[PDB]
Protein chains: 2
Amino acid sequence: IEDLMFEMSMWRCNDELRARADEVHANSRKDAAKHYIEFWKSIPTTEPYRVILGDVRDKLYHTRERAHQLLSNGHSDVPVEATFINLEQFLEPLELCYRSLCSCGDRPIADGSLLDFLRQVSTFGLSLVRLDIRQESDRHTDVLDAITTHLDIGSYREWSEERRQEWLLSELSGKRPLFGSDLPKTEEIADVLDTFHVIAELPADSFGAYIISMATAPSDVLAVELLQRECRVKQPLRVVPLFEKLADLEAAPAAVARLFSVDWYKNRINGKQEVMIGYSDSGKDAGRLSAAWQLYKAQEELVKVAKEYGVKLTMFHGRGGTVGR
Amino acid sequence: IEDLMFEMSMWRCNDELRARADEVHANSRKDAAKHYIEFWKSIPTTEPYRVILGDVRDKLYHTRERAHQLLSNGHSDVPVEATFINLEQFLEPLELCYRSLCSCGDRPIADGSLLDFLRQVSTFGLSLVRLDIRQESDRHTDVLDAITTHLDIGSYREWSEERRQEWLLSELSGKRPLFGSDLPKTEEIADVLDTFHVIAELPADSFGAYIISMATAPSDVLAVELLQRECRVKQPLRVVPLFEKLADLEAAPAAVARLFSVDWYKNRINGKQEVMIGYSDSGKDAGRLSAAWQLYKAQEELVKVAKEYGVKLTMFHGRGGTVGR
């Protein structure tokens, strides 16, 4: 950002960027500002891009300081309002500078360092990569089983698929909390629940998708949705099944179609669904040729199902480095 | 405490108090300790009572500092382990000094300032008075009605007494949480729920009894027990009905007997039950003679009921200053 401030030395802007830069220059904080090396004096309105990008620099300095303290120590005194909390609170000022340069005839300048910076923001965001979470279904089933046993309503494990779907749906549409603080948990159970609490405590744009290993039925997906909402995940991330064993790939389209048949899930999914297709274990229990062919068929019929339900399907290919995987 | 330290200048003690004094003198913190005016030097083991009572002074200093910060601000950095948290964590050292003085032939000395201090501790505790909470039954009913409506299971107000009892018992014996963060509350509803949260945040020995105004049935008591358990009141305070109007005194023994009839409640009540008997409003709607006589009859038949259930009844007389109340 400091070099970007150095470049944007123009004086022509719109009425818009003029008004915004004047806004920043009003609350300019006439101070020493000696924590920066360059531009420690209050930036004059003669160069408005430097005003706006100077504010961008302030919020970047405080975002970095907050992330550094949050990482090093378990807490931070930095005010959240002093940082960039939104993915495009960051983008807004830079977008404005772009509109200004283009409007005043300076589009070549805008399509330079400012454009590179824009694409870097809109590609890497506030956390370079969105993190995926993966977990095997049996662990979720263990959790739910502890929940139903502690609630004295039965044992989720012994329950048939139908029962799982009905119960999970009633709990998802219900408004009453499920488990409590006094739930008897195992180290595994506490592991998965604590992962959901960590997901809840952290910003939403730092996460990607929750991938379920050894997924076979809609009950596993609805299980992850229920566990997410119940651990108070403010913005729950999308759930995605992982079909890796040949048996799971042969029957995957049927299962995904049954999942789309649940109207509550099709109405929360918002026309977008992602499903993962593993390549490692497919050619391990069966032949390499048989695995490849079944993978092709699987992709084809998954797209067929998604078209049948009007859902935009994005497929997640778990490809390896070696041809064997 | 500092004057008590000055008096206890004996050098004879038991082996018990000797060993304890050596313990305190081991972790004696050889420091300047200049925050006190007197006894800022590490107290020598020659006067063991001064060692022990000096430690008492440290924990009292940090208990006072903690309470002062908790009140003044809203939190305290004072470690709880540095204070007196128990009603008789305080009592232990003083009881020890007493046993020691008595063993060494100094019972007269022990029955002096040390005995006064003992009685003051065991009478006023860490908070001079135990606080009662009182609230009218209709407000608890409003809360529960909001909870059952928000849970879409009916309306607690419209429910008969029987149904209220069965539901409340099922929730009290159940282990699943009731309402949640998203329960629609009124300013009154939030008032009562927030009082239970305040009770939950504060020490148990700072509270007394929860008195229910206009109490008529076991459901009124069980309602408060449930709200206590559900607002995470770690040590719930005893629930006590208040019969003040002549109609309520006429029917108080029947209601208390009906409450003792619920075995679930009698087995938690631990053989002790308190019920309040107001005196103001009785002689206001009916005669003074009639009210007095009905009060007498009420006390008599309540004792009969409690004796019949093997419950130690302690009656709370809401007497006024004027004979009219």
# chains A, B, ... in the order shown; residues from 1 in each chain; ligands from 1

$ residues_around --residues "region 28-32 of chain B" --least-positions-apart "2" --cutoff "12 Å" --atoms "only C-alpha atoms" --output "MDAnalysis selection string"
chainID B and resid 20:26 34:45 51:52 54:55 58

$ residues_around --residues "region 281-284 of chain A" --least-positions-apart "4" --cutoff "10 Å" --atoms "only C-alpha atoms" --output "compact mmCIF listing (two decimals) with C-alpha atoms, in the first residue's frame"
# COMPACT_ATOMS: atom_id res chain seq x y z
CA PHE A 243 -17.54 -40.16 -2.74
CA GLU A 244 -14.22 -42.00 -3.04
CA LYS A 245 -14.88 -45.74 -2.77
CA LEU A 246 -16.20 -47.38 -5.94
CA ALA A 247 -19.40 -48.47 -4.18
CA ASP A 248 -20.08 -44.84 -3.24
CA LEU A 249 -19.45 -43.55 -6.77
CA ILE A 277 -15.31 -36.95 -6.32
CA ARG A 288 -7.80 -48.59 -12.63
CA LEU A 289 -9.91 -48.85 -15.80
CA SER A 290 -13.10 -49.68 -13.88
CA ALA A 291 -12.46 -46.75 -11.53
CA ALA A 292 -11.90 -44.30 -14.40
CA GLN A 294 -17.19 -45.30 -13.12
CA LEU A 295 -15.84 -41.81 -12.37
CA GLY A 324 -2.62 -44.13 -10.03
CA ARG A 325 -4.50 -41.59 -7.89

$ select_by_dssp --residues "region 232-296 of chain A" --states "alpha helix (DSSP H)" --output "ChimeraX atom specification"
/A:246-250,252-261,263-268,282-285,288-296

$ closest_residue --among "B:125, B:60, B:174, B:84" --to "residue 153 (chain A)" --atoms "only C-alpha atoms"
B:174

$ atom_distance --atom1 "CA of residue 12 (chain A)" --atom2 "CA of residue 47 (chain A)"
8.3 Å

$ decode --residues "region 100-116 of chain A" --atoms "N, CA, C and O atoms" --output "PDB file, in the first residue's frame"
ATOM      1  N   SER A 100     -12.627   6.814 -10.468  1.00  0.00           N
ATOM      2  CA  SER A 100     -12.128   8.175 -10.626  1.00  0.00           C
ATOM      3  C   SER A 100     -11.135   8.266 -11.775  1.00  0.00           C
ATOM      4  O   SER A 100     -11.270   9.119 -12.661  1.00  0.00           O
ATOM      5  N   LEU A 101     -10.112   7.407 -11.762  1.00  0.00           N
ATOM      6  CA  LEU A 101      -9.112   7.442 -12.824  1.00  0.00           C
ATOM      7  C   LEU A 101      -9.746   7.234 -14.193  1.00  0.00           C
ATOM      8  O   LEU A 101      -9.423   7.951 -15.148  1.00  0.00           O
ATOM      9  N   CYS A 102     -10.665   6.272 -14.305  1.00  0.00           N
ATOM     10  CA  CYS A 102     -11.302   6.020 -15.594  1.00  0.00           C
ATOM     11  C   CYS A 102     -12.138   7.211 -16.044  1.00  0.00           C
ATOM     12  O   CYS A 102     -12.110   7.584 -17.222  1.00  0.00           O
ATOM     13  N   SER A 103     -12.879   7.825 -15.117  1.00  0.00           N
ATOM     14  CA  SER A 103     -13.754   8.936 -15.479  1.00  0.00           C
ATOM     15  C   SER A 103     -12.960  10.143 -15.963  1.00  0.00           C
ATOM     16  O   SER A 103     -13.381  10.832 -16.898  1.00  0.00           O
ATOM     17  N   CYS A 104     -11.819  10.422 -15.342  1.00  0.00           N
ATOM     18  CA  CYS A 104     -11.032  11.593 -15.697  1.00  0.00           C
ATOM     19  C   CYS A 104     -10.090  11.334 -16.864  1.00  0.00           C
ATOM     20  O   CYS A 104      -9.192  12.145 -17.112  1.00  0.00           O
ATOM     21  N   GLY A 105     -10.278  10.231 -17.588  1.00  0.00           N
ATOM     22  CA  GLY A 105      -9.455   9.923 -18.736  1.00  0.00           C
ATOM     23  C   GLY A 105      -8.166   9.198 -18.426  1.00  0.00           C
ATOM     24  O   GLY A 105      -7.368   8.971 -19.344  1.00  0.00           O
ATOM     25  N   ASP A 106      -7.929   8.834 -17.169  1.00  0.00           N
ATOM     26  CA  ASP A 106      -6.682   8.195 -16.757  1.00  0.00           C
ATOM     27  C   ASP A 106      -6.825   6.681 -16.646  1.00  0.00           C
ATOM     28  O   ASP A 106      -6.235   6.064 -15.753  1.00  0.00           O
ATOM     29  N   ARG A 107      -7.600   6.053 -17.535  1.00  0.00           N
ATOM     30  CA  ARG A 107      -7.752   4.599 -17.474  1.00  0.00           C
ATOM     31  C   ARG A 107      -6.442   3.830 -17.633  1.00  0.00           C
ATOM     32  O   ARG A 107      -6.276   2.815 -16.933  1.00  0.00           O
ATOM     33  N   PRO A 108      -5.501   4.215 -18.510  1.00  0.00           N
ATOM     34  CA  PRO A 108      -4.214   3.501 -18.539  1.00  0.00           C
ATOM     35  C   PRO A 108      -3.530   3.441 -17.182  1.00  0.00           C
ATOM     36  O   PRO A 108      -2.984   2.392 -16.810  1.00  0.00           O
ATOM     37  N   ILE A 109      -3.553   4.539 -16.427  1.00  0.00           N
ATOM     38  CA  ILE A 109      -2.980   4.537 -15.085  1.00  0.00           C
ATOM     39  C   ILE A 109      -3.728   3.559 -14.189  1.00  0.00           C
ATOM     40  O   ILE A 109      -3.120   2.818 -13.405  1.00  0.00           O
ATOM     41  N   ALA A 110      -5.061   3.546 -14.282  1.00  0.00           N
ATOM     42  CA  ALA A 110      -5.854   2.656 -13.440  1.00  0.00           C
ATOM     43  C   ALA A 110      -5.569   1.194 -13.752  1.00  0.00           C
ATOM     44  O   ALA A 110      -5.498   0.361 -12.841  1.00  0.00           O
ATOM     45  N   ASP A 111      -5.391   0.864 -15.030  1.00  0.00           N
ATOM     46  CA  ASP A 111      -5.075  -0.505 -15.433  1.00  0.00           C
ATOM     47  C   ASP A 111      -3.606  -0.857 -15.221  1.00  0.00           C
ATOM     48  O   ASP A 111      -3.007  -1.578 -16.023  1.00  0.00           O
ATOM     49  N   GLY A 112      -3.012  -0.366 -14.137  1.00  0.00           N
ATOM     50  CA  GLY A 112      -1.624  -0.633 -13.815  1.00  0.00           C
ATOM     51  C   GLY A 112      -1.473  -1.242 -12.437  1.00  0.00           C
ATOM     52  O   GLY A 112      -1.960  -2.349 -12.190  1.00  0.00           O
ATOM     53  N   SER A 113      -0.791  -0.533 -11.532  1.00  0.00           N
ATOM     54  CA  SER A 113      -0.625  -1.047 -10.175  1.00  0.00           C
ATOM     55  C   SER A 113      -1.954  -1.102  -9.435  1.00  0.00           C
ATOM     56  O   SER A 113      -2.186  -2.014  -8.635  1.00  0.00           O
ATOM     57  N   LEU A 114      -2.837  -0.130  -9.682  1.00  0.00           N
ATOM     58  CA  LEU A 114      -4.136  -0.133  -9.017  1.00  0.00           C
ATOM     59  C   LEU A 114      -4.962  -1.346  -9.425  1.00  0.00           C
ATOM     60  O   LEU A 114      -5.649  -1.950  -8.593  1.00  0.00           O
ATOM     61  N   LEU A 115      -4.901  -1.721 -10.705  1.00  0.00           N
ATOM     62  CA  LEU A 115      -5.642  -2.887 -11.171  1.00  0.00           C
ATOM     63  C   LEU A 115      -5.039  -4.176 -10.631  1.00  0.00           C
ATOM     64  O   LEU A 115      -5.771  -5.083 -10.214  1.00  0.00           O
ATOM     65  N   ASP A 116      -3.707  -4.279 -10.644  1.00  0.00           N
ATOM     66  CA  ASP A 116      -3.034  -5.424 -10.040  1.00  0.00           C
ATOM     67  C   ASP A 116      -3.450  -5.589  -8.583  1.00  0.00           C
ATOM     68  O   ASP A 116      -3.781  -6.694  -8.136  1.00  0.00           O
TER      69      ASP A 116
END
